[PDB]
Amino acid sequence: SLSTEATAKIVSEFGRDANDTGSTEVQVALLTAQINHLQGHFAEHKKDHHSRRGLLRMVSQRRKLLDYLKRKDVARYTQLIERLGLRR
Amino acid sequence: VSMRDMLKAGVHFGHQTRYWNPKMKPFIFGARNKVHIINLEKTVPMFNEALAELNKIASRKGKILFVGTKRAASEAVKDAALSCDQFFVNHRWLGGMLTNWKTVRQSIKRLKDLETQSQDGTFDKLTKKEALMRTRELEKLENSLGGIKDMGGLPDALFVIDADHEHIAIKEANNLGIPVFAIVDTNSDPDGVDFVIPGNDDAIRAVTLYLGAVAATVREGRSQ
Amino acid sequence: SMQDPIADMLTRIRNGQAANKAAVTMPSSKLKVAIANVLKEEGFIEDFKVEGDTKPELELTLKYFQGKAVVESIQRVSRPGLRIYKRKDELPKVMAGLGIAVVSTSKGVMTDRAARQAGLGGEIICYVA
RNA sequence: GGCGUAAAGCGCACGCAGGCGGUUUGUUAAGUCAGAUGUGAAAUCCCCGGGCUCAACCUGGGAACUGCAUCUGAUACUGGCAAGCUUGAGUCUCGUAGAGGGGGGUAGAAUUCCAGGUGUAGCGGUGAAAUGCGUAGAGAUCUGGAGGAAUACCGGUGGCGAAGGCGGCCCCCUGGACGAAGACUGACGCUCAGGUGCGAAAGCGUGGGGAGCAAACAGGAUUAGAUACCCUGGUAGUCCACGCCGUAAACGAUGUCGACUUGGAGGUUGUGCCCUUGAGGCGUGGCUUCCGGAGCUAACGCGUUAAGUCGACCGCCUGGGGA
């Protein structure tokens with residue numbers, strides 16, 4: 001998974017505090033970082049279905065978090081999807 | 001009945017924690033060295049109520065049937081039931097002594113006829129082969145039905161030791177509506193009994209204490 | 001997941017009655033407290049208390065008569081998958097009147113005969129016989 | 001009304017539409033409820049009478065027409081809206097166990113083959129035989145080499161994985177689960193038609209590889225026959241890379257999620273406490289095996305890992321053949 005330092009950096013830049021590790025923005029950012037990191041692993045290991053299942057779990061969890069955020073506050077949703085480079 | 005005498009007699013002791021019956025949870029005080037300890041504060045009032053009901057049954061022209069067949073409580077049950085003009089089953093309980101009384105009545109008649117023709121009759125037509133045969137049949141029939149020969153009918157109350165060991169007698173008494181007074185240990189089933197007396201039923205001094213108390217109360221009931 | 005807490009309360013009561021439990025505890029709620037009030041005033045449970053402030057815990061004291069269950073039957077009628085509403089002229093009577101039917105009328109949660117005397121209908125919460 | 005065995009749980013999972021949804025406050029009055037109004041043609045149905053000499057029949061009045069719309073109120077529940085809350089659901093910290101997956105390397109035992117030494121008449125196989133190999137030197141034994149496949153002991157109603165499945169050792173990449181104490185977000189949840197993905201073995205396509213085993217095939221037996229079982233060989237295949245296939249008694253013949261309900265003995269993996277006496281005792285989680293209580297079941301049996309008591313959603317069944 002992500003190292004401790006990368007996780008701390010993401011939590012700091014995406015959270016309202018250094019301890020706000022549960023915010024929707026922090027969770028979506030961590031999931032996006034893990035997906036982007038896994039992208040390179042699966043480019044080389046196209047036959048790793050067992051890990052791709054966890055990758056798809058991460059993708060679906062990020063999708064549900066983004067849906068909840070868009071339904072809750074669309075402004076933060078837009079800021080997040082522009083800061084992370086989403087929307088296909 | 002005295003909780004000091006009870007605790008000195010070994011009543012509070014129970015079986016190991018594995019063999020316990022969860023229905024005996026209200027009467028269990030705790031555990032020490034993986035054996036259950038019966039709550040004597042629960043034991044003494046239930047024993048007193050059972051003794052009161054036994055005294056009522058005795059004073060109201062009743063017949064008590066003392067049931068216990070373990071090698072620990074056989075002779076004790078015999079002594080207790082003979083000490084108060086009562087009846088006992090201190091050896092194997094024949095399946096159907098109560099529910100099938102119309103059939104064991106014939107065996108009682110046979111035992112009585114054999115013992116009368118042996119003692120008072122004194123046939124002396126021995127043949128030295130049918131005589132020993134008849135004496136062995138008489139001793140078997142007496143070891144089986146020696147306690148209830150003078151009962152006449154069904155009793156009015158059963159006093160059972162080791163309610164788990166005597167489940168057949170309890171089920172028969174329940175089928176016939178006879179109240180059951182049973183010493184229910186931590187491993188026995190207290191469902192089929194009317195007056196459950198939670199106490200140790202394996203130690204000899206505990207069962208002698210129970211039987212002495214019951215004999216005293218049924219004698220005071222007999223003498224009104 | 002937990003999608004019907006009222007049916008959960010009824011099931012807890014039924015299972016505690018079948019297991020000869022002295023009292024049953026559960027997470028509290030306004031509707032649960034109203035139904036427990038209706039059950040207590042009708043004589044199906046002994047008492048009930050709500051403990052806790054941030055996470056209230058409702059505790060019902062079950063009732064027995066002859067070593068037997070006082071609540072013989074308790075069923076959820078209106079449920080999330082199928083809501084059941086009745087008018088005052090078609091309010092149900094359980095056990096031909098010996099049982100009660102907890103009804104949620106616009107004047108609070110009450111029994112079926114109380115809602116009938118009040119000239120009201122509403123959602124049939126449960127049947128208690 | 002059902003789906004363990006009688007017909008019936010998709011092989012497994014992710015997930016859009018849909019269905020359902022913890023808890024508090026306020027508001028609305030859409031569902032819901034109450035009242036009123038309008039309407040609900042007549043006949044028919046039903047009730048009390050009347051006339052046909054009775055009946056059928058005719059007929060007066062009533063009830064009914066369980067419905068729809070409108071208007072006025074109620075606010076408990078469901079819904080909408082707004083603000084919350086932490087117990088459901090997730091994130092972070094530190095560790096733990098594991099044949100979880102993908103890639104590369106390597107080790108030993110054994111089979112087969114090639115070359116050579118010793119050595120001589122058998123070997124192999126079977127119920128018994130024969131086919132087969134062998135005086136061109138087999139089998140046995142010893143030495144060296146080649147190649148492929150699978151990993152003895154550990155090893156275990158043991159472990160991991162959604163399922164299918166996963167077993168030498170090492171390294172690289174990587175998923176999930178669990179536990180301790182906290183912090184964080186604040187219903188973000190459950191299920192899921194269609195959809196997508198994974199999916200034993202066999203099989204197919206292309207390119208390799210090929211020791212052992214072995215469909216087809218050949219021969220020897222057995223037999224009345226023997227297109228078989230048995231024996232001697234043996235091609236595809238089994239192995240690798242990449243695609244396809246999408247099926248299994250894909251089984252727990254038992255869909256997923258959540259709550260509640262007496263116990264006993266174990267296994268495995270964390271964690272806490274105590275002169276730790278000890279490989280100790282006492283708690284507390286996760287997964288797991290056997291027995292068994294109430295209950296349930298046609299019975300067998302299931303039984304806190306339910307086939308018990310419930311809730312949400314989905315799939316499926318409607319006599320046997322045809323099929």
Side-chain angles (χ1 to χ4, degrees), chain A residues 1-2 4 7-8 10-11 15-31 34 37-38 40-42 44-61 63-69 71-72, chain B residues 16-25 34 189 191, chain C residues 1-21 24-32 34 52 54-57 74-76 78-91 103-110 115 118-125:
Chain A
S1 270
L2 287 185
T4 300
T7 314
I10 292 163
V11 169
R16 311 317 303 168
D17 193 356
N19 296 259
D20 185 11
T21 74
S23 171
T24 315
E25 290 75 45
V26 175
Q27 295 193 45
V28 169
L30 288 170
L31 289 171
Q34 279 146 12
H37 177 44
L38 300 297
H41 160 78
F42 288 124
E44 218 258 351
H45 287 301
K46 297 182 284 293
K47 294 265 138 282
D48 198 4
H49 308 293
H50 288 73
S51 308
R52 197 135 39 190
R53 182 175 147 88
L55 171 78
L56 300 176
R57 181 195 251 109
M58 282 187 290
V59 170
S60 64
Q61 196 176 344
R63 189 60 241 161
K64 288 175 178 178
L65 284 161
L66 282 171
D67 290 352
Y68 161 76
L69 188 57
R71 180 227 315 153
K72 211 55 159 50
Chain B
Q16 297 200 66
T17 59
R18 324 157 45 124
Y19 315 108
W20 84 313
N21 204 290
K23 297 180 179 180
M24 293 298 295
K25 202 168 187 293
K34 303 242 161 23
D189 196 12
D191 253 29
Chain C
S1 48
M2 178 74 68
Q3 312 190 30
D4 199 2
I6 299 306
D8 183 51
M9 169 184 66
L10 310 189
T11 291
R12 283 174 129 110
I13 295 170
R14 200 189 301 107
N15 295 2
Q17 220 90 353
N20 294 323
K21 283 290 194 165
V24 293
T25 299
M26 68 202 71
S28 151
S29 159
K30 286 208 325 295
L31 190 54
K32 285 184 186 175
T54 191
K55 292 156 56 182
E57 214 87 20
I74 176 156
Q75 325 165 13
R76 181 85 140 109
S78 211
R79 44 180 186 85
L82 178 57
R83 297 286 175 182
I84 303 295
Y85 311 106
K86 298 292 181 182
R87 303 198 292 262
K88 59 118 170 164
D89 262 326
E90 58 192 18
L91 280 180
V103 181
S104 187
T105 72
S106 34
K107 298 305 178 177
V109 169
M110 53 186 67
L120 285 175
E123 177 170 349
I124 314 301
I125 294 288

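Letters A, B, ... are given to chains in the order of the sequence lines, protein chains preceding strands, and every chain is numbered from 1.
Nucleic acid contact class of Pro27(C) (heavy atoms, under 4.0 Å, all strands): none. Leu56(A) comes within contact range of no nucleotide atom at all, as no heavy-atom separation falls under 4.0 Å. Contact annotation for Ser1(A): backbone-only contact, meaning every heavy-atom pair under 4.0 Å involves sugar-phosphate atoms and none involves a base. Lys107(C) comes within 4.0 angstrom of the backbone, heavy atoms only, and of no base. Residue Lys30(C) is classed as a sugar-phosphate contact, given heavy-atom separations below 4.0 Å to backbone atoms only. Residue contacts shown for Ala7(C) are limited to sugar-phosphate atoms, with no base heavy atom under 4.0 Å away. Residue contacts for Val11(A): at a heavy-atom cut-off of 4.0 Å it reaches no nucleic acid atom on any strand shown. At a threshold of 4.0 angstrom between heavy atoms, the contacts of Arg63(A) with the nucleic acid are absent. Residue-level contact check: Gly22(A) touches the bases, meaning some heavy atom is under 4.0 Å from a base atom. Among the protein residues, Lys32(C) comes within range of no part of the nucleic acid, since none of its heavy atoms lies under 4.0 Å from any strand.
Figure legend. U44(D) is base-paired to no nucleotide; pairs are counted as Watson-Crick or G-U wobble with both atom distances under 3.5 Å. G311(D) and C257(D) make up a base pair, with Watson-Crick or G-U wobble contacts both under 3.5 Å. Taking a pair to require two hydrogen-bonding distances under 3.5 Å in either a Watson-Crick or a G-U wobble arrangement, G179(D) pairs with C94(D). Across the strands present, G144(D) finds its partner in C114(D); the criterion is a Watson-Crick or G-U wobble pair with both atom distances under 3.5 angstrom. When Watson-Crick and G-U wobble pairs are counted only if both distances are under 3.5 Å, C287(D) pairs with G267(D). Partner assigned to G119(D) is none, using Watson-Crick or G-U wobble distances below 3.5 angstrom. Nucleotide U222(D) is matched to nothing when pairs are restricted to Watson-Crick or G-U wobble geometry with both distances under 3.5 angstrom. Remark: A69(D) base-pairs with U37(D); criterion is Watson-Crick or G-U wobble with both hydrogen-bond distances under 3.5 Å.
Between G21(D) and its strand neighbour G22(D) the base rings do not stack, failing centres under 5.5 Å or planes under 30°. For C275(D) and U276(D), a centre-to-centre distance below 5.5 angstrom together with a plane angle below 30 degrees is not found for the six-membered base rings.
Here the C1' atom of nucleotide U185(D) and the CG atom of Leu66(A) are 15 Å apart, to the nearest Å.
A canonical Watson-Crick or G-U wobble pair links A74(D) to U32(D), with each of its two hydrogen-bond distances shorter than 3.5 Å. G189(D) and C20(D) are base-paired: they meet the Watson-Crick or G-U wobble geometry, with both hydrogen-bonding distances under 3.5 Å. A canonical Watson-Crick pair (purine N1 to pyrimidine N3 plus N6-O4 or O6-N4) or a G-U wobble (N1-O2 and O6-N3), each contact under 3.5 Å, is absent between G234(D) and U304(D). Pairing check for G197(D) against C12(D): the two satisfy the Watson-Crick or G-U wobble geometry, each of the two atom distances being under 3.5 Å. A Watson-Crick or G-U wobble pair links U78(D) with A30(D), each of its two atom distances being under 3.5 Å. In this structure, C217(D) forms a base pair with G233(D), meeting the Watson-Crick or G-U wobble definition at 3.5 Å. A Watson-Crick or G-U wobble pair links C81(D) with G26(D), both defining distances under 3.5 Å. Here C204(D) sits opposite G243(D) as a true base pair, Watson-Crick or G-U wobble, both distances under 3.5 Å. Taking 3.5 Å as the upper bound for both contacts, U238(D) does not pair with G303(D) in Watson-Crick or G-U wobble fashion. In this structure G147(D) is not paired with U111(D), as neither the Watson-Crick nor the G-U wobble definition is met at both distances under 3.5 Å.
Distance from the side chain of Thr7(A) is smallest for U93(D) among the nucleotides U78(D), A312(D), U93(D). Closest to the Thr4(A) side chain, of the nucleotides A312(D), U93(D), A259(D), is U93(D). Side-chain proximity of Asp20(A) to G175(D), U185(D), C188(D): nearest is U185(D).
Ion pairing between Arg71(A) and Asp67(A) fails under the 4.0 Å rule for side-chain N and carboxylate O. With respect to the salt-bridge test (charged N to carboxylate O, under 4.0 angstrom), the residues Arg12(C) and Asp8(C) qualify.
Judged by atom type and distance alone, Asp48(A) does not reach the base of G102(D) through any side-chain donor-acceptor pair under 3.5 Å. Within 3.5 Å, a donor on the side chain of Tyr85(C) pairs with an acceptor on the base of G31(D), or the reverse. At a cut-off of 3.5 angstrom, the base of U261(D) holds no donor-acceptor pair with the side chain of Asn15(C). Side chain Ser106(C) to base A76(D): no donor-acceptor pair is found below 3.5 Å. In terms of polar N and O atoms assigned as donor or acceptor, the side chain of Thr11(C) never comes within less than 3.5 Å of the base of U309(D) in a complementary pairing. For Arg53(A) against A162(D), a side-chain N or O and a base N or O form a donor-acceptor pair under 3.5 Å. With hydrogens and angles ignored, no donor-acceptor pair under 3.5 angstrom links the side chain of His49(A) to the base of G100(D).
Taking only side-chain nitrogens and oxygens, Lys47(A) never comes nearer than 4.0 Å to OP1 or OP2 of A241(D). Distances shorter than 4.0 Å separate some side-chain N or O of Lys21(C) from OP1 or OP2 on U262(D). Side-chain N/O atoms of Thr105(C) include none lying less than 4.0 angstrom from OP1 or OP2 on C33(D). Taking side-chain N and O atoms only, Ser60(A) has no distance below 4.0 Å to OP1 or OP2 of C16(D).
Between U126(D) and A109(D), the distance separating the two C1' atoms is 31 Å to the nearest Å. Between the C1' atoms of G4(D) and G255(D), the separation comes to 14 Å (whole Å).
Mapped onto RNA chain D by nearest heavy atom, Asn21(B) and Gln27(A) fall at different nucleotides, with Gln27(A) at the one closer to the 5' end.
Legend: residues meeting salt bridge (charged side-chain N to carboxylate O under 4.0 Å, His left out) with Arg18(B), ordered by chain and number and at least two apart, are absent.
Closest approach of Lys32(C) to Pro5(C), counting heavy atoms only: CE-O, 3.4 Å.
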